[PDB]
Amino acid sequence: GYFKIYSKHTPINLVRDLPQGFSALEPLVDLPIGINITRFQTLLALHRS
Amino acid sequence: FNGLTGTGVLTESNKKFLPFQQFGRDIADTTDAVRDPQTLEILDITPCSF
């Protein structure tokens, strides 16, 4: 029932390929949501043209 | 501390827990250090010398 969000910023030389070096993720905070999650989706910020 | 009772000398901590982390327990499972509840300052736990 605890959800943790991890943020790591690593400079990447390759345009898309992930870096060989290990990246250590750090959780900002621990939140007791108490509800199991089985689906996730990303959010897009889009502006009118 | 937070309903957990231990007997040891209390000293300030050079080490710093991450914000999510509140306590540190060693390999024996004894608490290595306790972060103060009222203010977020890490306190090292050293058992009284025997």
# chains A, B, ... in the order shown; residues from 1 in each chain; ligands from 1
call {"tool": "interface_residues", "arguments": {"of": "chain B", "to": "chain A", "cutoff": "12 Å", "atoms": "only C-alpha atoms", "output": "list in words"}}
result
residues 17, 18, 19, 20, 21 and 22 of chain B
call {"tool": "select_by_dssp", "arguments": {"residues": "chain A", "states": "strand (DSSP E or B)", "output": "PyMOL selection string"}}
result
chain A and resi 3-7+26-31
call {"tool": "closest_residue", "arguments": {"among": "B:4, B:11, B:42, B:50", "to": "residue B:30", "atoms": "only C-alpha atoms"}}
result
B:4
call {"tool": "atom_distance", "arguments": {"atom1": "atom CA of residue B:6", "atom2": "atom CA of residue B:40"}}
result
18.9 Å
call {"tool": "residues_around", "arguments": {"residues": "residue A:36", "least_positions_apart": "6", "cutoff": "12 Å", "atoms": "only C-alpha atoms", "output": "list in words"}}
result
residues 1, 2 and 3 of chain A
call {"tool": "residues_around", "arguments": {"residues": "residue B:5", "least_positions_apart": "3", "cutoff": "12 Å", "atoms": "only C-alpha atoms", "output": "PDB file with N, CA and C atoms, in the first residue's frame"}}
result
ATOM      1  N   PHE B   1      11.977   6.193  20.751  1.00  0.00           N
ATOM      2  CA  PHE B   1      11.773   6.954  19.491  1.00  0.00           C
ATOM      3  C   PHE B   1      10.657   6.293  18.680  1.00  0.00           C
ATOM      4  N   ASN B   2       9.556   7.011  18.440  1.00  0.00           N
ATOM      5  CA  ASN B   2       8.445   6.481  17.600  1.00  0.00           C
ATOM      6  C   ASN B   2       7.978   5.120  18.139  1.00  0.00           C
ATOM      7  N   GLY B   8      21.199   3.377  24.615  1.00  0.00           N
ATOM      8  CA  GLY B   8      22.517   3.665  24.019  1.00  0.00           C
ATOM      9  C   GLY B   8      22.896   5.126  24.160  1.00  0.00           C
ATOM     10  N   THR B  30      19.997  -4.457  15.116  1.00  0.00           N
ATOM     11  CA  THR B  30      19.929  -3.386  16.142  1.00  0.00           C
ATOM     12  C   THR B  30      19.876  -2.054  15.390  1.00  0.00           C
ATOM     13  N   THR B  31      19.267  -1.016  15.967  1.00  0.00           N
ATOM     14  CA  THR B  31      19.122   0.239  15.183  1.00  0.00           C
ATOM     15  C   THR B  31      20.484   0.941  15.132  1.00  0.00           C
ATOM     16  N   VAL B  34      19.057   6.654  14.804  1.00  0.00           N
ATOM     17  CA  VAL B  34      17.622   7.072  14.792  1.00  0.00           C
ATOM     18  C   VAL B  34      17.529   8.544  14.380  1.00  0.00           C
ATOM     19  N   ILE B  45      23.487   5.907  17.071  1.00  0.00           N
ATOM     20  CA  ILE B  45      23.220   5.116  18.308  1.00  0.00           C
ATOM     21  C   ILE B  45      24.477   4.320  18.644  1.00  0.00           C
TER      22      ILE B  45
END
call {"tool": "residues_around", "arguments": {"residues": "residue A:23", "least_positions_apart": "2", "cutoff": "12 Å", "atoms": "only C-alpha atoms", "output": "number ranges by chain"}}
result
A: 6-12, 18-21, 25-26
call {"tool": "write_last_selection", "arguments": {"atoms": "N, CA and C atoms", "output": "CSV table (one decimal), in the first residue's frame"}}
result
chain,number,residue,atom,x,y,z
A,6,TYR,N,10.7,7.6,-8.0
A,6,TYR,CA,12.2,7.8,-8.0
A,6,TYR,C,12.6,8.7,-9.1
A,7,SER,N,13.5,9.7,-8.8
A,7,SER,CA,14.0,10.6,-9.9
A,7,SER,C,15.5,10.5,-10.0
A,8,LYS,N,16.1,10.2,-11.1
A,8,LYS,CA,17.6,10.3,-11.3
A,8,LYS,C,17.9,11.0,-12.6
A,9,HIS,N,18.8,12.0,-12.5
A,9,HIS,CA,19.2,12.7,-13.8
A,9,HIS,C,20.6,12.4,-14.2
A,10,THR,N,20.8,11.7,-15.3
A,10,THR,CA,22.1,11.3,-15.8
A,10,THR,C,22.4,11.8,-17.2
A,11,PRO,N,23.5,12.5,-17.4
A,11,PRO,CA,23.8,13.0,-18.8
A,11,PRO,C,24.0,11.7,-19.7
A,12,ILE,N,23.4,11.8,-20.9
A,12,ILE,CA,23.5,10.6,-21.8
A,12,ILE,C,24.1,11.1,-23.2
A,18,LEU,N,20.3,3.9,-24.2
A,18,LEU,CA,20.6,4.1,-22.7
A,18,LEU,C,22.1,4.0,-22.4
A,19,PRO,N,22.6,4.7,-21.4
A,19,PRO,CA,24.0,4.7,-21.1
A,19,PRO,C,24.5,3.4,-20.4
A,20,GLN,N,25.8,3.0,-20.7
A,20,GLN,CA,26.3,1.7,-20.1
A,20,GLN,C,26.4,1.9,-18.6
A,21,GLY,N,26.8,3.1,-18.1
A,21,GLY,CA,27.0,3.3,-16.7
A,21,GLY,C,25.8,3.1,-15.8
A,25,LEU,N,18.8,5.2,-8.7
A,25,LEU,CA,17.5,6.0,-8.5
A,25,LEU,C,17.3,6.3,-7.1
A,26,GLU,N,16.8,7.6,-6.8
A,26,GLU,CA,16.5,8.0,-5.4
A,26,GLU,C,15.0,8.3,-5.3
call {"tool": "decode", "arguments": {"residues": "stretch 10-25 of chain B", "atoms": "N, CA and C atoms", "output": "mmCIF file, in the first residue's frame"}}
result
data_model
loop_
_atom_site.group_PDB
_atom_site.id
_atom_site.type_symbol
_atom_site.label_atom_id
_atom_site.label_comp_id
_atom_site.auth_asym_id
_atom_site.auth_seq_id
_atom_site.Cartn_x
_atom_site.Cartn_y
_atom_site.Cartn_z
ATOM 1 N N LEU B 10 23.525 8.775 22.891
ATOM 2 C CA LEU B 10 22.989 9.496 21.705
ATOM 3 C C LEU B 10 23.989 10.574 21.280
ATOM 4 N N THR B 11 24.407 10.553 20.013
ATOM 5 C CA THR B 11 25.382 11.550 19.496
ATOM 6 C C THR B 11 24.900 12.036 18.128
ATOM 7 N N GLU B 12 25.367 13.212 17.688
ATOM 8 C CA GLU B 12 24.990 13.759 16.354
ATOM 9 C C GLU B 12 25.540 12.840 15.259
ATOM 10 N N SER B 13 24.992 12.920 14.043
ATOM 11 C CA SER B 13 25.415 11.956 12.993
ATOM 12 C C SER B 13 26.060 12.631 11.783
ATOM 13 N N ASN B 14 27.292 12.241 11.445
ATOM 14 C CA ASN B 14 27.917 12.739 10.189
ATOM 15 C C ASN B 14 27.117 12.148 9.022
ATOM 16 N N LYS B 15 26.690 10.886 9.153
ATOM 17 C CA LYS B 15 25.907 10.200 8.089
ATOM 18 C C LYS B 15 24.525 10.847 7.974
ATOM 19 N N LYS B 16 23.933 10.818 6.776
ATOM 20 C CA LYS B 16 22.598 11.437 6.567
ATOM 21 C C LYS B 16 21.646 10.434 5.907
ATOM 22 N N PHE B 17 20.523 10.119 6.562
ATOM 23 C CA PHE B 17 19.499 9.235 5.946
ATOM 24 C C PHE B 17 18.819 9.966 4.787
ATOM 25 N N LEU B 18 18.276 9.217 3.824
ATOM 26 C CA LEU B 18 17.508 9.846 2.715
ATOM 27 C C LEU B 18 16.175 10.334 3.290
ATOM 28 N N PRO B 19 15.443 11.274 2.650
ATOM 29 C CA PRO B 19 14.225 11.826 3.257
ATOM 30 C C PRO B 19 13.180 10.741 3.551
ATOM 31 N N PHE B 20 13.004 9.784 2.636
ATOM 32 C CA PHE B 20 12.054 8.664 2.880
ATOM 33 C C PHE B 20 12.529 7.820 4.073
ATOM 34 N N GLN B 21 13.841 7.579 4.185
ATOM 35 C CA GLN B 21 14.386 6.742 5.289
ATOM 36 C C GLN B 21 14.204 7.467 6.625
ATOM 37 N N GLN B 22 13.707 6.766 7.650
ATOM 38 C CA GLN B 22 13.565 7.380 8.997
ATOM 39 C C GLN B 22 14.541 6.716 9.976
ATOM 40 N N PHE B 23 14.831 5.424 9.790
ATOM 41 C CA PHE B 23 15.696 4.696 10.756
ATOM 42 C C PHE B 23 16.741 3.858 10.014
ATOM 43 N N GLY B 24 17.767 3.514 10.796
ATOM 44 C CA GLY B 24 18.833 2.649 10.293
ATOM 45 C C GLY B 24 19.080 1.517 11.276
ATOM 46 N N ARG B 25 18.934 0.244 10.875
ATOM 47 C CA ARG B 25 19.241 -0.950 11.710
ATOM 48 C C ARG B 25 20.420 -1.710 11.078
#
